[PDB]
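Read the structure below first, then the notes.
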Amino acid sequence: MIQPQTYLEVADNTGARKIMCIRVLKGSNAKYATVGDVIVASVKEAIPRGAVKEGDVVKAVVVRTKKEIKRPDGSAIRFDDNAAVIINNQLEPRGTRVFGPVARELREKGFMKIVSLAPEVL
Amino acid sequence: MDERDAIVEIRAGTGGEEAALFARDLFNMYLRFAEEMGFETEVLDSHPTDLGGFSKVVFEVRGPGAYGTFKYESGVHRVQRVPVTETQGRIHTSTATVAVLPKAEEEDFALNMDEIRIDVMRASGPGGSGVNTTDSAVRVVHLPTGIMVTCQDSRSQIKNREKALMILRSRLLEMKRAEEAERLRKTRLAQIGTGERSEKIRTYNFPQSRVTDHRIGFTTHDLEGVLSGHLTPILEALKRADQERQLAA
RNA sequence: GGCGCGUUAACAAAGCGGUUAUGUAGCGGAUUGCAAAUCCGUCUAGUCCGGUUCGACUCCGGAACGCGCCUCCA
RNA sequence: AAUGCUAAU
RNA sequence: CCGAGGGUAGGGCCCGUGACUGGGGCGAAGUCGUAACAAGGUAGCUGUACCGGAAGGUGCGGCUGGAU
RNA sequence: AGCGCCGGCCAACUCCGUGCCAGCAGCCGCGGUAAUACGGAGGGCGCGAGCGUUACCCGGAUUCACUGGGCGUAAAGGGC
RNA sequence: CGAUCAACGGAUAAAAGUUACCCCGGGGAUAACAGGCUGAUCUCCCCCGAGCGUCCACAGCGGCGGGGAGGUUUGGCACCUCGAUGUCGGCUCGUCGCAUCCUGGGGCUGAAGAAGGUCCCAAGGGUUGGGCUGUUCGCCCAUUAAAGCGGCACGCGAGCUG
RNA sequence: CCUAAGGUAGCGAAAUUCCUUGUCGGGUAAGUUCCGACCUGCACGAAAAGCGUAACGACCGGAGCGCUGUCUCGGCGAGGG
RNA sequence: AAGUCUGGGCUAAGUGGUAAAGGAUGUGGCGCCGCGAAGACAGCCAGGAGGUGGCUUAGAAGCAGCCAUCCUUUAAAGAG
Ligand SMILES: [K+]
Ligand SMILES: [Mg+2]
Ligand SMILES: [Mg+2]
Ligand SMILES: [Mg+2]
Ligand SMILES: [Mg+2]
Ligand SMILES: [Mg+2]
Ligand SMILES: [Mg+2]
Ligand SMILES: [Mg+2]
Ligand SMILES: [Mg+2]
Ligand SMILES: [Mg+2]
Ligand SMILES: [Mg+2]
Ligand SMILES: [Mg+2]
Ligand SMILES: [Mg+2]
Ligand SMILES: [Mg+2]
Ligand SMILES: [Mg+2]
Ligand SMILES: [Mg+2]
Ligand SMILES: [Mg+2]
Ligand SMILES: [Mg+2]
Ligand SMILES: [Mg+2]
Ligand SMILES: [Mg+2]
Ligand SMILES: [Mg+2]
Ligand SMILES: [Mg+2]
Ligand SMILES: [Mg+2]
Ligand SMILES: [Mg+2]
Ligand SMILES: [Mg+2]
Ligand SMILES: [Mg+2]
Ligand SMILES: [Mg+2]
Ligand SMILES: [Mg+2]
Ligand SMILES: [Mg+2]
Ligand SMILES: [Mg+2]
Ligand SMILES: [Mg+2]
Ligand SMILES: [Mg+2]
Ligand SMILES: [Mg+2]
Ligand SMILES: [Mg+2]
Ligand SMILES: [Mg+2]
Ligand SMILES: [Mg+2]
Ligand SMILES: [Mg+2]
Ligand SMILES: [Mg+2]
Ligand SMILES: [Mg+2]
Ligand SMILES: [Mg+2]
Ligand SMILES: [Mg+2]
Ligand SMILES: [Mg+2]
Ligand SMILES: [Mg+2]
Ligand SMILES: [Mg+2]
Ligand SMILES: [Mg+2]
Ligand SMILES: [Mg+2]
Ligand SMILES: [Mg+2]
Ligand SMILES: [Mg+2]
Ligand SMILES: [Mg+2]
Ligand SMILES: [Mg+2]
Ligand SMILES: [Mg+2]
Ligand SMILES: [Mg+2]
Ligand SMILES: [Mg+2]
Ligand SMILES: [Mg+2]
Ligand SMILES: [Mg+2]
Ligand SMILES: [Mg+2]
Ligand SMILES: [Mg+2]
Ligand SMILES: [Mg+2]
Ligand SMILES: [Mg+2]
Ligand SMILES: [Mg+2]
Ligand SMILES: [Mg+2]
Ligand SMILES: [Mg+2]
Ligand SMILES: [Mg+2]
Ligand SMILES: [Mg+2]
Ligand SMILES: [Mg+2]
Ligand SMILES: [Mg+2]
Ligand SMILES: [Mg+2]
Ligand SMILES: [Mg+2]
Ligand SMILES: [Mg+2]
Ligand SMILES: [Mg+2]
Ligand SMILES: [Mg+2]
Ligand SMILES: [Mg+2]
Ligand SMILES: [Mg+2]
Ligand SMILES: [Mg+2]
Ligand SMILES: [Mg+2]
Ligand SMILES: [Mg+2]
Ligand SMILES: [Mg+2]
Ligand SMILES: [Mg+2]
Ligand SMILES: [Mg+2]
Ligand SMILES: [Mg+2]
Ligand SMILES: [Mg+2]
Ligand SMILES: [Mg+2]
Ligand SMILES: [Mg+2]
Ligand SMILES: [Mg+2]
Ligand SMILES: [Mg+2]
Ligand SMILES: [Mg+2]
Ligand SMILES: [Mg+2]
Ligand SMILES: [Mg+2]
Ligand SMILES: [Mg+2]
Ligand SMILES: [Mg+2]
Ligand SMILES: [Mg+2]
Ligand SMILES: [Mg+2]
Ligand SMILES: [Mg+2]
Ligand SMILES: [Mg+2]
Ligand SMILES: [Mg+2]
Ligand SMILES: [Mg+2]
Ligand SMILES: [Mg+2]
Ligand SMILES: [Mg+2]
Ligand SMILES: [Mg+2]
Ligand SMILES: [Mg+2]
Ligand SMILES: [Mg+2]
Ligand SMILES: [Mg+2]
Ligand SMILES: [Mg+2]
Ligand SMILES: [Mg+2]
Ligand SMILES: [Mg+2]
Ligand SMILES: [Mg+2]
Ligand SMILES: [Mg+2]
Ligand SMILES: [Mg+2]
Ligand SMILES: [Mg+2]
Ligand SMILES: [Mg+2]
Ligand SMILES: [Mg+2]
Ligand SMILES: [Mg+2]
Ligand SMILES: [Mg+2]
Ligand SMILES: [Mg+2]
Ligand SMILES: [Mg+2]
Ligand SMILES: [Mg+2]
Ligand SMILES: [Mg+2]
Ligand SMILES: [Mg+2]
Ligand SMILES: [Mg+2]
Ligand SMILES: [Mg+2]
Ligand SMILES: [Mg+2]
Ligand SMILES: [Mg+2]
Ligand SMILES: [Mg+2]
Ligand SMILES: [Mg+2]
Ligand SMILES: [Mg+2]
Ligand SMILES: [Mg+2]
Ligand SMILES: [Mg+2]
Ligand SMILES: [Mg+2]
Ligand SMILES: [Mg+2]
Ligand SMILES: [Mg+2]
Ligand SMILES: [Mg+2]
Ligand SMILES: [Mg+2]
Ligand SMILES: [Mg+2]
Ligand SMILES: [Mg+2]
Ligand SMILES: [Mg+2]
Ligand SMILES: [Mg+2]
Ligand SMILES: [Mg+2]
Ligand SMILES: [Mg+2]
Ligand SMILES: [Mg+2]
Ligand SMILES: [Mg+2]
Ligand SMILES: [Mg+2]
Ligand SMILES: [Mg+2]
Ligand SMILES: [Mg+2]
Ligand SMILES: [Mg+2]
Ligand SMILES: [Mg+2]
Ligand SMILES: [Mg+2]
Ligand SMILES: [Mg+2]
Ligand SMILES: [Mg+2]
Ligand SMILES: [Mg+2]
Ligand SMILES: [Mg+2]
Ligand SMILES: [Mg+2]
Ligand SMILES: [Mg+2]
Ligand SMILES: [Mg+2]
Ligand SMILES: [Mg+2]
Ligand SMILES: [Mg+2]
Ligand SMILES: [Mg+2]
Ligand SMILES: [Mg+2]
Ligand SMILES: [Mg+2]
Ligand SMILES: [Mg+2]
Ligand SMILES: [Mg+2]
Ligand SMILES: [Mg+2]
Ligand SMILES: [Mg+2]
Ligand SMILES: [Mg+2]
Ligand SMILES: [Mg+2]
Ligand SMILES: [Mg+2]
Ligand SMILES: [Mg+2]
Ligand SMILES: [Mg+2]
Ligand SMILES: [Mg+2]
Ligand SMILES: [Mg+2]
Ligand SMILES: [Mg+2]
Ligand SMILES: [Mg+2]
Ligand SMILES: [Mg+2]
Ligand SMILES: [Mg+2]
Ligand SMILES: [Mg+2]
Ligand SMILES: [Mg+2]
Ligand SMILES: [Mg+2]
Ligand SMILES: [Mg+2]
C-alpha cells in the first residue's frame, strides 16, 4: 500500500537510495500501489556518480511492501520495508543488480528480468 | 531586395581622426555616385569631426534599385596614405566601415483579439462588499506567446480590461521591436565586423594611386575618379564574378 | 475618465493683438603649425481645425499629443 | 592666465 | 571480548561549480579632462584624513629623490 | 636516399610570386609593390638510414653564489 | 453714495477641517450584497459570400456588413427588503441545464490505415492526486477515457470554517 | 530652463514596488510565499534617524528532520450527555 | 352560465398555444409573359466532331491562371 508521499528504498544499483512516490500508474485514480505496480517517483536520496541523481522524475516497480500481500492459496507475505526497482518506459530495470528478495507476484506480471536478477523470490 | 531603397551606414574604423577623415571621403564618394545614378540621398544621422570628418554618417539612397548597386560596398574599406594628421611624413594604414541595409517599413502593430483570451475574476485586497462580489480583476493572455498582463488598478472591469490590453500590446510591441534589433545587429556585424585593418574588402592606396577590391581581383588606378563617384567600373566587375559564381553545378 | 498646465526655430526656454527674445549650437571670417578656448559677424520659428478682429504665435472653442493631480464609502 | 597633438625607421 | 565493514549523528581540510559582484592584465582607434616628467605652468613625493565624474584636491606632519 | 637548414645568434644566396594578404617565429623581429626573414625555384650549408619537431632532465645560469653573488641611488638594512 | 450680499429673494458685522473612538433621530424617499426590469457589456448561434485553401467560395476557414438567442460577467435603472434579505474562498451535501470534457450513435473530410478536424444525435454514468496563492481565476508537476461549462439568493454560515 | 537647494553614504520589487506572480539564481516532481541577487526606488534614505549587529522573543515569514487520526479514510472502544 | 348554432373559405403545423434576418418544389389562390401537335417539358436513342489549342506552360493539349471566344462537313458540334 504505496501512495503519493510514500518513501521507498531502491533495491538496485542505479545509485538511487530513496524514491518518494508521486503517482500510482494504475488507471485514472488508483489509491494504492502494491507489488508489481509501476509508480512514478522523484529521487530523494542517491549516491555520487550513479545513473540516477537526486531530483530526477523516474519510474519504478514496487518489489517489496510492508503491508502484507494476500494470495489465492490463502497465504500472505510481508516484507520489512517498501522497495522498488527503477525501470525504463519499456518496463525493464535500469540498474544491473537487484538487492534483496522480491515478491513472486512480479513474475506473473511481466518483470522476469527483475525476478531473474533478484537473489531470492518469495 | 535589390529594388528597395537602401540605407548606408558609414562608421569610422581603426585610424582615429584620419579614419573619420577617410570616412568623409567614402561619404562624398557615395553621395556623388548616387546622384550620377539618379538616386536621391537624404542624411539621417551625422556625427562630424571638427577636423572635417565623421565618426559616423547614416544616409538613405532613395531611388528604384538602390540596394542593387550599393549592397556591394558592405565591409571594411582600407586606406593607406600620409594622413593630414601626420607630421613626420609617414604612411598610416587606416580604415572605415560601411554598412548597407534595406530600408525598413514601419508596420503598425495591432492586437489580434482572436489570439487573445481575457479572464475576469474577483480582485484582491480592500473594498468591503464590493470587492467580495465584483469581477473587476482582468487577465489578458496572448495565446501564442503565453505572456499575460493582469490589472485591478480600478474598480471597473472595463477600465481594467482597457489598461491591460494597452499593456499587453506595448509589451508585445517591445518584444517585436527587440527581435528586429537582434536581426539588425547580427546583420551589421556580418558586414562591419571588428573594423580591423584585415577583414578589408577594398584598399585605397594614395601613394600608388591604386584602388583594389580583394574579393574579385580587380584594381584600377583612377583613384581620383573612384573617390569622386565613378564606381560603376568596380561594381560591374563585382557583378561579373557574382554571375560567374552562380554557375551550377 | 474628471480637473489643471502646456505644444515656439537645431536643442533648451521667454515676452508679446501689429515688432530682431535669449543661451548654446550651426554658418562666414579672424587668430593658431593645427584643433580647441577666444574675438568679429550671421542666421533657421510658433501642432491641426473652426471662430473673434483691420490684423492672431499671442485672444475664444474643439481635436491630437505630452505632463501633473484625483478615481473615495461600500 | 591659457587645454590638447591617435596610429607604418 | 576483539573484530572487516554497514548504519547513524556532528565536525575538520581540500577540489569543482554558481545568479551576481569586485577589481587586475591586455588593445596600432573611442569619450572626458591634463595628475606626473621643464619652476610641467599650484615644486614633487609621502603616511594619514576628509571630499570629488576621473585623473586628483585639500588639511596635518615628514623627505629632497626640489627649481630659481 | 632521404631529412633539416641558409636575416643575426649560425655554416649556407640568388631569381620569380606575393604586397601587414598569404604566411614565418626560439629570442631580436620579418611581410603594408625592388623580402638573402613568407611560398616556389636554381644554388648552397649540415647530417645521413636516418633528419627534424614536441615533452622532460642537467648545462649554459657565479640567475639560491659551499666552490661562487649581493643590499647609499639598480631588487634588497628590520622605524628604534 | 457704499453689494462678484455672483450660493445673484441677499440666514451673522464676523467662520475651515477631521472622526476607523464615534453617537442619536430617520430612509429601502437613497448607495454597496442578492433578487427584479433592461441586455449596452459578456457568452453562444446564424444571414451574406469578398477572399484563403496549389487547383477549388463553403474539408477547415469567412473581409465589409446584417439578424438573433441566452440571462453566467461589467454596467443602466432604483421596484420588495436599511424596527437587518450575513457578505469571498474553502468544506460538506447535492440537484438541475446542455451550448457535451469523456464514454455510446452518426454525416462531411483536404477521411488510405492508425490518429485527427468539423458538425449532428445523446445529460445514463463518469469527469484524478498534487506545488503556489486567502483567493475565485490562473500557471505548474504527475496522471487520465476525460480531467466540461453553467443555474440553484455567483446553491448551501439557525450546516462547519473564518 | 528652473529652484531656497536639487537625495550624499548606505540600502532597495523592501512591514515601502502600482505594472508584478518584475528578471535571474536557489530550494520543490511542481514554489503568486521564501532566500540570494539585479535596480526605470509608481512612492527608501540618514535621531518621525540610515545601514548593520552577538544575545534575547508565547512577535511574523520560509524550509528540513523527527513524529503523528491533520489527511488518504475511516473503524472500534470508554465515560458525561 | 349560454350554440358541440348556420352558411362560405383556409390551415395539418396541436400552427393556433411566445422571436429575427434569412432559407425552402409546404399548401391554396391570383397574375404575367414563354414553348407546344411550326409535336412541346421529362426520360431515352444518337451527332455531340474537326485546324488543336491561342499568352502561359517540360503536359495545362475541349477539361489551372490570361486574349479574344474564327470558321467548315452542317440538322447542329461551343478552340467548350
Ligand atoms: K469609513
Ligand atoms: Mg540502495
Ligand atoms: Mg549521481
Ligand atoms: Mg538534493
Ligand atoms: Mg539538489
Ligand atoms: Mg534497476
Ligand atoms: Mg537492501
Ligand atoms: Mg555615433
Ligand atoms: Mg602628429
Ligand atoms: Mg471570446
Ligand atoms: Mg473583486
Ligand atoms: Mg492578499
Ligand atoms: Mg477602506
Ligand atoms: Mg456588483
Ligand atoms: Mg510660447
Ligand atoms: Mg522645444
Ligand atoms: Mg529666459
Ligand atoms: Mg505671462
Ligand atoms: Mg504676426
Ligand atoms: Mg539677428
Ligand atoms: Mg538666437
Ligand atoms: Mg567661426
Ligand atoms: Mg582654426
Ligand atoms: Mg485660426
Ligand atoms: Mg484670422
Ligand atoms: Mg500657434
Ligand atoms: Mg486653443
Ligand atoms: Mg470616509
Ligand atoms: Mg583652462
Ligand atoms: Mg581629448
Ligand atoms: Mg589624450
Ligand atoms: Mg606622437
Ligand atoms: Mg569497530
Ligand atoms: Mg566504522
Ligand atoms: Mg556489513
Ligand atoms: Mg573555491
Ligand atoms: Mg599636468
Ligand atoms: Mg600636482
Ligand atoms: Mg602644457
Ligand atoms: Mg595646471
Ligand atoms: Mg603641479
Ligand atoms: Mg607661483
Ligand atoms: Mg596628502
Ligand atoms: Mg576641497
Ligand atoms: Mg639545422
Ligand atoms: Mg648549430
Ligand atoms: Mg653566416
Ligand atoms: Mg621555414
Ligand atoms: Mg597594401
Ligand atoms: Mg611584384
Ligand atoms: Mg620595401
Ligand atoms: Mg621579392
Ligand atoms: Mg628564418
Ligand atoms: Mg625562401
Ligand atoms: Mg634549463
Ligand atoms: Mg647552479
Ligand atoms: Mg632568478
Ligand atoms: Mg657566498
Ligand atoms: Mg648579484
Ligand atoms: Mg636603518
Ligand atoms: Mg465671488
Ligand atoms: Mg441662495
Ligand atoms: Mg452667503
Ligand atoms: Mg426670480
Ligand atoms: Mg447680512
Ligand atoms: Mg459691517
Ligand atoms: Mg459664510
Ligand atoms: Mg466639528
Ligand atoms: Mg461616518
Ligand atoms: Mg483611525
Ligand atoms: Mg487605526
Ligand atoms: Mg473607545
Ligand atoms: Mg467602546
Ligand atoms: Mg455617544
Ligand atoms: Mg452610529
Ligand atoms: Mg442609527
Ligand atoms: Mg432611529
Ligand atoms: Mg419617511
Ligand atoms: Mg427602493
Ligand atoms: Mg431627496
Ligand atoms: Mg440599491
Ligand atoms: Mg446594491
Ligand atoms: Mg442596496
Ligand atoms: Mg451596483
Ligand atoms: Mg444574497
Ligand atoms: Mg444590484
Ligand atoms: Mg429579494
Ligand atoms: Mg439579447
Ligand atoms: Mg433579451
Ligand atoms: Mg452582443
Ligand atoms: Mg441562431
Ligand atoms: Mg452561405
Ligand atoms: Mg485560389
Ligand atoms: Mg473544393
Ligand atoms: Mg469574422
Ligand atoms: Mg444586432
Ligand atoms: Mg438579441
Ligand atoms: Mg447582436
Ligand atoms: Mg452580437
Ligand atoms: Mg440572472
Ligand atoms: Mg442573475
Ligand atoms: Mg452602480
Ligand atoms: Mg445586474
Ligand atoms: Mg422614480
Ligand atoms: Mg438594508
Ligand atoms: Mg424586529
Ligand atoms: Mg422584520
Ligand atoms: Mg432582525
Ligand atoms: Mg431576521
Ligand atoms: Mg444537442
Ligand atoms: Mg462522442
Ligand atoms: Mg464517436
Ligand atoms: Mg466524425
Ligand atoms: Mg480512420
Ligand atoms: Mg452535421
Ligand atoms: Mg450525461
Ligand atoms: Mg493547494
Ligand atoms: Mg510544502
Ligand atoms: Mg488556487
Ligand atoms: Mg490570481
Ligand atoms: Mg480518447
Ligand atoms: Mg487531453
Ligand atoms: Mg486539478
Ligand atoms: Mg453544480
Ligand atoms: Mg453565495
Ligand atoms: Mg459556485
Ligand atoms: Mg453561502
Ligand atoms: Mg443557510
Ligand atoms: Mg457562522
Ligand atoms: Mg461562506
Ligand atoms: Mg440564519
Ligand atoms: Mg441554516
Ligand atoms: Mg436562515
Ligand atoms: Mg480575519
Ligand atoms: Mg484567526
Ligand atoms: Mg525620492
Ligand atoms: Mg550633495
Ligand atoms: Mg558623504
Ligand atoms: Mg545611492
Ligand atoms: Mg528593487
Ligand atoms: Mg520577486
Ligand atoms: Mg530592504
Ligand atoms: Mg515605496
Ligand atoms: Mg509587486
Ligand atoms: Mg501587488
Ligand atoms: Mg512565477
Ligand atoms: Mg529553480
Ligand atoms: Mg538538499
Ligand atoms: Mg523562480
Ligand atoms: Mg504553503
Ligand atoms: Mg531577496
Ligand atoms: Mg527595473
Ligand atoms: Mg522610514
Ligand atoms: Mg522628524
Ligand atoms: Mg516614517
Ligand atoms: Mg528628520
Ligand atoms: Mg528605529
Ligand atoms: Mg535593517
Ligand atoms: Mg559587530
Ligand atoms: Mg541578531
Ligand atoms: Mg537581529
Ligand atoms: Mg520578545
Ligand atoms: Mg514575543
Ligand atoms: Mg518577554
Ligand atoms: Mg518534511
Ligand atoms: Mg515541518
Ligand atoms: Mg515533518
Ligand atoms: Mg478522527
Ligand atoms: Mg464513536
Ligand atoms: Mg458512552
Ligand atoms: Mg358545427
Ligand atoms: Mg343560412
Ligand atoms: Mg413543426
Ligand atoms: Mg399547441
Ligand atoms: Mg408551437
Ligand atoms: Mg420569416
Ligand atoms: Mg406562399
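Chain labels follow the order of the C-alpha cells: the first chain is A, the next B, and so on; residue numbering restarts at 1 in every chain, and ligands are counted from 1 in their shown order.
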
Q. If you count only C-alpha atoms (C1' of nucleotides) and all ligand atoms, which residues end up within 9 Å of ligand 92, as a PyMOL selection string?
A. chain G and resi 47-49+58

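Residues of protein, DNA or RNA having any atom at most 7 Å from ligand 7, counting only C-alpha atoms (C1' of nucleotides) and all ligand atoms, are residues 11, 99 and 100 of chain A.
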
Output the contact residues of chain H with respect to chain B at a cut-off of 10 Å, based on only C-alpha atoms (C1' of nucleotides), as a PDB file with N, CA, C and O atoms (P, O5', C5', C4', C3', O3' and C1' of nucleotides), in the first residue's frame.
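In the end it all went to selection.pdb:
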ATOM      1  P     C H  18       2.826  46.613  -5.177  1.00  0.00           P
ATOM      2  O5'   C H  18       1.997  47.192  -6.410  1.00  0.00           O
ATOM      3  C5'   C H  18       0.821  47.957  -6.193  1.00  0.00           C
ATOM      4  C4'   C H  18       0.347  48.671  -7.439  1.00  0.00           C
ATOM      5  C3'   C H  18       0.535  47.947  -8.764  1.00  0.00           C
ATOM      6  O3'   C H  18      -0.493  47.002  -9.018  1.00  0.00           O
ATOM      7  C1'   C H  18       1.209  50.215  -8.968  1.00  0.00           C
ATOM      8  P     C H  19      -0.139  45.513  -9.499  1.00  0.00           P
ATOM      9  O5'   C H  19       0.592  45.734 -10.890  1.00  0.00           O
ATOM     10  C5'   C H  19      -0.169  45.764 -12.085  1.00  0.00           C
ATOM     11  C4'   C H  19       0.631  46.251 -13.261  1.00  0.00           C
ATOM     12  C3'   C H  19       1.655  45.283 -13.827  1.00  0.00           C
ATOM     13  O3'   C H  19       1.079  44.294 -14.655  1.00  0.00           O
ATOM     14  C1'   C H  19       2.586  47.455 -13.676  1.00  0.00           C
ATOM     15  P     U H  20       1.551  42.758 -14.581  1.00  0.00           P
ATOM     16  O5'   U H  20       1.497  42.419 -13.036  1.00  0.00           O
ATOM     17  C5'   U H  20       1.676  41.080 -12.595  1.00  0.00           C
ATOM     18  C4'   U H  20       2.275  41.018 -11.215  1.00  0.00           C
ATOM     19  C3'   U H  20       1.714  42.036 -10.228  1.00  0.00           C
ATOM     20  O3'   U H  20       1.737  41.485  -8.914  1.00  0.00           O
ATOM     21  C1'   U H  20       4.031  42.398 -10.510  1.00  0.00           C
TER      22        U H  20
END

Q: Specify as a PyMOL selection string all residues of chain B found within 6 Å of chain E, counting only C-alpha atoms (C1' of nucleotides).
A: chain B and resi 14-16

Just N, CA, C and O atoms for this one: save the residues we selected as a short mmCIF file (atom, residue, chain, number, x, y, z; two decimals), in the first residue's frame.
data_model
loop_
_atom_site.label_atom_id
_atom_site.label_comp_id
_atom_site.auth_asym_id
_atom_site.auth_seq_id
_atom_site.Cartn_x
_atom_site.Cartn_y
_atom_site.Cartn_z
N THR B 14 39.53 51.69 -37.47
CA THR B 14 40.85 51.92 -36.90
C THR B 14 41.57 53.04 -37.65
O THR B 14 41.64 53.02 -38.88
N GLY B 15 42.06 54.02 -36.91
CA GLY B 15 42.76 55.13 -37.53
C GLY B 15 42.53 56.48 -36.89
O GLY B 15 43.11 57.48 -37.34
N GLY B 16 41.69 56.55 -35.86
CA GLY B 16 41.49 57.81 -35.17
C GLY B 16 40.95 58.87 -36.10
O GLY B 16 40.16 58.59 -37.01
#

**Q.** Proximal residues of chain B relative to chain C (only C-alpha atoms (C1' of nucleotides); 12 Å) as an MDAnalysis selection string
**A.** chainID B and resid 17 49:52 84:87 126:133 153:156 158:159

Residues from the last selection, C-alpha atoms, saved as a short mmCIF file (atom, residue, chain, number, x, y, z; two decimals), in the first residue's frame:
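Result file selection31.cif:
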data_model
loop_
_atom_site.label_atom_id
_atom_site.label_comp_id
_atom_site.auth_asym_id
_atom_site.auth_seq_id
_atom_site.Cartn_x
_atom_site.Cartn_y
_atom_site.Cartn_z
CA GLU B 17 40.84 61.23 -36.66
CA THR B 49 34.61 65.66 -36.50
CA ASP B 50 35.82 69.24 -36.15
CA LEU B 51 38.75 68.23 -38.40
CA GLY B 52 36.22 67.77 -41.24
CA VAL B 84 46.89 65.18 -42.91
CA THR B 85 47.14 64.48 -39.15
CA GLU B 86 50.67 63.07 -39.52
CA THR B 87 53.69 65.36 -39.15
CA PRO B 126 -9.83 46.17 0.20
CA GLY B 127 -13.32 47.03 -0.91
CA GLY B 128 -15.83 45.53 1.52
CA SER B 129 -18.97 44.10 -0.05
CA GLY B 130 -17.90 45.38 -3.45
CA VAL B 131 -14.53 43.66 -3.70
CA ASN B 132 -16.19 40.47 -2.44
CA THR B 133 -18.64 40.13 -5.32
CA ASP B 153 -6.00 49.12 -10.61
CA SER B 154 -9.59 50.41 -10.72
CA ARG B 155 -12.92 49.02 -9.60
CA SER B 156 -14.15 48.82 -13.23
CA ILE B 158 -13.85 47.86 -18.30
CA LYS B 159 -11.19 50.38 -17.33
#

(Q) Taking only C-alpha atoms (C1' of nucleotides) into account, name the residue in A:55, A:95, A:15, A:50 that is nearest to chain H. (A)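 So, comparing all the options, the nearest one is A:55.
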
Q) If we count only C-alpha atoms (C1' of nucleotides), which residues of chain H reach to within 10 Å of chain A? Please list them as a VMD selection string. A) chain H and resid 28 to 29 72

Please save N, CA and C atoms (P, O5', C5', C4', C3', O3' and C1' of nucleotides) of the selected residues as a PDB file, in the first residue's frame.
ATOM      1  P     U H  28      15.574  20.550  -3.472  1.00  0.00           P
ATOM      2  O5'   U H  28      14.021  20.714  -3.753  1.00  0.00           O
ATOM      3  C5'   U H  28      13.077  20.091  -2.903  1.00  0.00           C
ATOM      4  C4'   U H  28      11.696  20.149  -3.486  1.00  0.00           C
ATOM      5  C3'   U H  28      11.493  19.474  -4.832  1.00  0.00           C
ATOM      6  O3'   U H  28      11.384  18.070  -4.750  1.00  0.00           O
ATOM      7  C1'   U H  28      10.465  21.584  -4.860  1.00  0.00           C
ATOM      8  P     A H  29      12.130  17.155  -5.835  1.00  0.00           P
ATOM      9  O5'   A H  29      11.165  17.189  -7.096  1.00  0.00           O
ATOM     10  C5'   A H  29      11.683  17.071  -8.410  1.00  0.00           C
ATOM     11  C4'   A H  29      10.573  17.105  -9.424  1.00  0.00           C
ATOM     12  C3'   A H  29       9.752  18.382  -9.436  1.00  0.00           C
ATOM     13  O3'   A H  29      10.320  19.349 -10.302  1.00  0.00           O
ATOM     14  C1'   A H  29       8.308  16.491  -9.344  1.00  0.00           C
ATOM     15  P     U H  72      -9.676  12.467   4.352  1.00  0.00           P
ATOM     16  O5'   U H  72      -8.848  11.441   3.465  1.00  0.00           O
ATOM     17  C5'   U H  72      -8.388  11.820   2.181  1.00  0.00           C
ATOM     18  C4'   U H  72      -7.580  10.728   1.541  1.00  0.00           C
ATOM     19  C3'   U H  72      -8.212   9.350   1.494  1.00  0.00           C
ATOM     20  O3'   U H  72      -9.141   9.224   0.436  1.00  0.00           O
ATOM     21  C1'   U H  72      -5.961   9.180   2.187  1.00  0.00           C
TER      22        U H  72
END

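Taking CA of residue 5 in chain A and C1' of residue 143 in chain G as the two end points, the separation is 15.1 Å.
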
Q.
Could you list the protein, DNA and RNA residues that have any atom within 12 Å of ligand 80, counting only C-alpha atoms (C1' of nucleotides) and all ligand atoms, and write them as number ranges by chain?
A. G: 27, 29-30
